[PDB]
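Line order of the protein sequences matches chains A and B. Read in the UniProt record's numbering, the first sequence has 454 at position 24, and its numbers run on one by one without any break. Read in the UniProt record's numbering, the second sequence has 495 at position 65, and its numbers run on one by one without any break. All C-beta atoms in this analysis are idealised placements derived from N, C-alpha and C, irrespective of residue type, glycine included. Read the structure below first, then the notes.
There are 2 protein chains.
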Amino acid sequence: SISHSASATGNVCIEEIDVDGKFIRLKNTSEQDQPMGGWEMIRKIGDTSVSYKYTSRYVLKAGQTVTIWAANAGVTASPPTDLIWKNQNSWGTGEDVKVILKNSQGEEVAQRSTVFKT
Amino acid sequence: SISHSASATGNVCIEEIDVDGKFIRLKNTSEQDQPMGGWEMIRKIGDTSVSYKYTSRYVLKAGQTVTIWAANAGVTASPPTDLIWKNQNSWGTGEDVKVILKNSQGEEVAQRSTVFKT
Numbered sequence: 431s432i433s434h435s436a437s438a439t440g441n442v443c444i445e446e447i448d449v450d451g452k453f454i455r456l457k458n459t460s461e462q463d464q465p466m467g468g469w470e471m472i473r474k475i476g477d478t479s480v481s482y483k484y485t486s487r488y489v490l491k492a493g494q495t496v497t498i499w500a501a502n503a504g505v506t507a508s509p510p511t512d513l514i515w516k517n518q519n520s521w522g523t524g525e526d527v528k529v530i531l532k533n534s535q536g537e538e539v540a541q542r543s544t545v546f547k548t
Numbered sequence: 431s432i433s434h435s436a437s438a439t440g441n442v443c444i445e446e447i448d449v450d451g452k453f454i455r456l457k458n459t460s461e462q463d464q465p466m467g468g469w470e471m472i473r474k475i476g477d478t479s480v481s482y483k484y485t486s487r488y489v490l491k492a493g494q495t496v497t498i499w500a501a502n503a504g505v506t507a508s509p510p511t512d513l514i515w516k517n518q519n520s521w522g523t524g525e526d527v528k529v530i531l532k533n534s535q536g537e538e539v540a541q542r543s544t545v546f547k548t
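Put into structure tokens, the structure is as follows:
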């Protein structure tokens, strides 16, 4: 049934898209701090594609994660380890989700999918 | 530079191939505990395809990671969290790796890559 796919071209990799639809977690695989200012994260469930734009001064430090929770998730924001998506609630479950991460230029530096079949 | 790849058709997925060359970590993303008896990890470096056959009754519980430590790594076994690979030592650095998980039937349930390009 469940099927996962992933890719990366650098330090940051998308680690998990929650099956219950409450968070998206990224991680810095490298040992070098990655400035993520101006980066973008586009989550596409079918037709809709919602984009989270990182703050101008964000730095995902080495070997550490960032968990973008939804507003309805019930988890408060404690940056930098945890952040909250502004004005976007849970995306839901059962639908194919694909999350694309884009740098400041606009290239795709990472991806992750969760295609459901039956 | 460094690239990444991943695939999964079930609960168990491969989470990291050590760049230094000391461990291969998996995880049971789903809530279902997975019976992992007789499964095999074919770590394909270049031509060689060394493989680790699992115990008869090992089970990866929900949201639980297993790390197949090398012999020369220096970490003692502490099952079920960590396990050791018999007489395999280090993969090395700068080597393109591919670790393929195999179920008891012989099918592939996971995949990971770490293609290094200067």
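Residue i (DSSP reduced to helix, strand or coil)
i	result
residue 502 (chain A)	helix
residue 458 (chain B)	strand
residue 449 (chain A)	coil
residue 545 (chain A)	strand
residue 435 (chain A)	strand
Per-residue contacts from residue i into chain A (C-beta, under 9 Å)
i	result
residue 439 (chain B)	431, 432, 433 and 434
Open item on the list: Measuring CB atoms only, is the stretch 447–459 of chain A touching the stretch 518–533 of chain A, in the sense that at least three cross pairs come out at less than 8 Å?
Closed with: yes
TODO: Taking only runs that begin and end inside the stretch 462–539 of chain A, name each unbroken beta strand (DSSP E) of 3 or more residues, in chain order.
DONE: 470–475, 478–483, 495–499, 512–514 and 527–532
Open item on the list: Three Cβ pairs or more, each shorter than 8 Å: is that satisfied between the stretch 469–486 of chain B and the stretch 466–486 of chain A?
Closed with: no
Open item on the list: Using a Cβ distance threshold of 8 Å, determine whether the stretch 538–548 of chain B contacts the stretch 442–452 of chain B, with at least three qualifying pairs required.
Closed with: yes
Open item on the list: Below 8 Å, how does it come out for the stretch 517–524 of chain A and the stretch 508–520 of chain B: are there three or more Cβ pairs, yes or no?
Closed with: no
- [ ] Check whether the stretch 502–510 of chain A touches the stretch 480–491 of chain A, counting contact only when three or more Cβ pairs, one atom from each stretch, lie closer than 8 Å.
- [x] yes
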